[PDB]
Structures are given as structure tokens and as C-alpha cells.
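To begin, one chain is listed below as C-alpha cells, in the form deposited in one PDB entry.
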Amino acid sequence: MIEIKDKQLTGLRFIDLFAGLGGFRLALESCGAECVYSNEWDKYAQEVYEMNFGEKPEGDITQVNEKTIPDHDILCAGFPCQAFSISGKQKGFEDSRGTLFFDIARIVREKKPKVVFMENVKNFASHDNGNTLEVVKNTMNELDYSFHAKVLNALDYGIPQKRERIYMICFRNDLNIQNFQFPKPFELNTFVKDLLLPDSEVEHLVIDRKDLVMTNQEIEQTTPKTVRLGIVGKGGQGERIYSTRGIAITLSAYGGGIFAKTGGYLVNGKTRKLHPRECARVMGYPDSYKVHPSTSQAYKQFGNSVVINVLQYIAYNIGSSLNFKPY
């Protein structure tokens, strides 16, 4: 993550819904805001959260009375993506994991917060011929909010990963905010090769397969794009090998392949997958964030998360707009 000197959000309160690892909390606390409630149902996600932050999040959001929830200024939520992702079956609102949005709307109507900050995958914007995005937009307008949305690739904001998400920001209509803007891009100066651990710590992750086929030669100069060097098996998900001189592919949570969830990379003559700590780094997490003791769950957790840096830049801008109140 990056360091913020001008703490634009001091004094405001927020809630962490679908908490996961607490990615929304790190970003917002770095700007001076305060957390007053959290909710996450996964047994193991709850353990890591407690380890790092010191409190257990409440359970199942679908059976919590919206009036119990504390008064807050910003609502944060990165709702489930399985029913909308391009890697799934695309069942949308007919999937029991696709209706979560409406519990958000339910909470919103009661607490009427100042800002609503949501985020999902790129295909969310195109699903069902744009109908799904329309439904979210109209419900927000009807509740008296303005809707601002955009798709941002992580490689444009300092982190070496091709990870495209859609961000949705909503301000209550009586605040009359007319100057919010999505952050401007810059040049990338860090590559996969700058975050790797020493060879002695990652020896156990090596894989020597006899069906390895090199289709491209290693490159000699860095570039901001995924460079594919080879394949194993039929070249499906988890069977593709890339260069450490380019950028990483999107990390996932339920993926397969011999190089499951992270993909394979050509490191010093060898082919291996990433270590959990190296995953933390490509997601923007600091080396002081304690990871889960079980390697298996650690990978799933990081693949469901958000990239800190992008959230930080957007949070600064939300505060700047709120603080501009001239005579």
C-alpha cells in the first residue's frame, strides 16, 4: 500500500460488509476514518480478521435486522461475484449468491448513509445485455442517490497485475456533490520480478513436468502486459506459464490446474507457482499483515480480495469532494 499524508477522512465512521480479509478497512483507516461494525460468515475468514484487527465479525447478513446496525457515514461492500463472473455459469439474479445486492438496498433505506462504496468484477457491467447494471442504477436513484461508475485496471496504478474491476460510488442527493472524479493513471515501475522471495524459501513450490512445451523465448526488457512463454497439458486454466518480466494474471479463489489459483512462472530456469506472501504483495498488502496458518485457505482469501492501492486513491478523492464547502 501507499502512504497518505493528508488524512482527508478524519472523523467519519463506516461499516465493513462481506469483510473478507479487511481490504476495505486498511484503505479507509489509512485516511483517518473509523470502523464501527463488520460482517463476514466464513469460519476461517473470521479467524484472520480477529488475528489482525482484534474483533470477530457478525455472521449471516441475510438474517440480521437492519435496525440493529449502528449509525454510519459510509457503507462499504464487495458483494459475491460467482453469479456474474465470466469464468462461471452466468446465472445472475436466479442464483442464491446473486441476490446479495438487495440486502444492501434494504440496509440503505434505513440508515440513509452519506456515501455507498461498492465494487465487483468487469463482466458485471456487461451481464445480461447491460440489464443488471441498470437495475442497480435505478434502485440507487430511487433511494435518492447519484450513481457514478467506472472500470479500472490495476496495472495503471502501481501494482503489476492485470486485474479489471468496476467501481460504484454513490452520494446522497442533498449533499449536492458535483466534483467527484476517478483517479488519473500513471506509468508502471514495478514488475513481478521485484516482489519475489529468495530461492531458498520457495524451493517446495517447484514443479518439473515432462509435458512442458515452450512456445516463446524469454524476453530481455520489461513491459506492462502478460507475456506467455509456455504451456502444459492442454493449456487450460492453471496450465499456462508466464514471464516474470511482465505482469501477473488475475488471482482466483476456486480455480484448478496444476498451477492452481496463481498460475505458473519461469523463475531462474525453473517453473513454480507463487507463495502466499508473494500473493499478498501483488494485491498491495504490507509485509506486516499476518496470513492464515493454513496455506490452502490463504490462497482462497487473497483471490477473493481487493487491491489496496486502487482503493486508497479513490478514498482520498471521496473525502476531497466532501470537504469542499465554500461560502
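Definition used throughout: the rigid core is the maximal C-alpha set that superposes within 1.5 Å between two forms. Shifts are known only where both forms have a C-alpha. Numbering starts at 1 and follows the sequence shown.
Which of 10 to 18 and 302 to 310 has higher mean CA B factor, as the PDB entry lists it: Stretch with the higher mean C-alpha B-factor: 10 to 18.
284 to 292 versus 55 to 63 - which carries the larger mean C-alpha B factor in the record: Result of the comparison: 55 to 63.
Maximum C-alpha temperature factor, selected from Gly256, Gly98, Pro224, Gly236: The record points to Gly98.
Deposited CA B-factor, highest of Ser243, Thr139, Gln161, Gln90: That would be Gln90.
Lowest, middle or highest third - CA B-factor, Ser126: Top third by C-alpha B-factor.
CA B-factor ranking of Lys43, expressed as a third of its chain: CA B-factor rank for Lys43: highest third.
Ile69 - Cα temperature factor, lowest/middle/highest third of chain: Highest third.
Third assignment of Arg277 from its chain's C-alpha B-factors: Tercile = lowest for this residue's CA B-factor.
Entry-reported Cα temperature factor of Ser146, expressed as the chain third it lands in: Answer is middle: the recorded C-alpha B-factor places it there.
Keep in mind that the form deposited in another entry is not shown, yet the notes after this line are about it.
Position that moves between the shown form and the other one after core superposition, taken from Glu164, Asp144, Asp95, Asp73, with Cα shift of 2 Å or more: Just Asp95.
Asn153 C-alpha moves between the shown form and the other one by 2 Å or more, core aligned: Not so; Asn153 is displaced by less than 2 Å.
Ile86 C-alpha shift between the shown form and the other one of 2 Å or more, rigid core reference: Yes.
Comparison of CA distance in that other deposited form with shown form for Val121, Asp95, at least 3 Å: Farther, not closer.
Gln90 and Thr139, C-alpha gap in that other deposited form relative to this structure (3 Å or more): Closer in that other deposited form, by 3 Å or more.
Segments displaced between the shown form and the other one (3 or more residues, each Cα shift of 2 Å or more, core-superposed): Run 81 to 98 stands out as the only one displaced between the shown form and the other one - at least 3 residues long.
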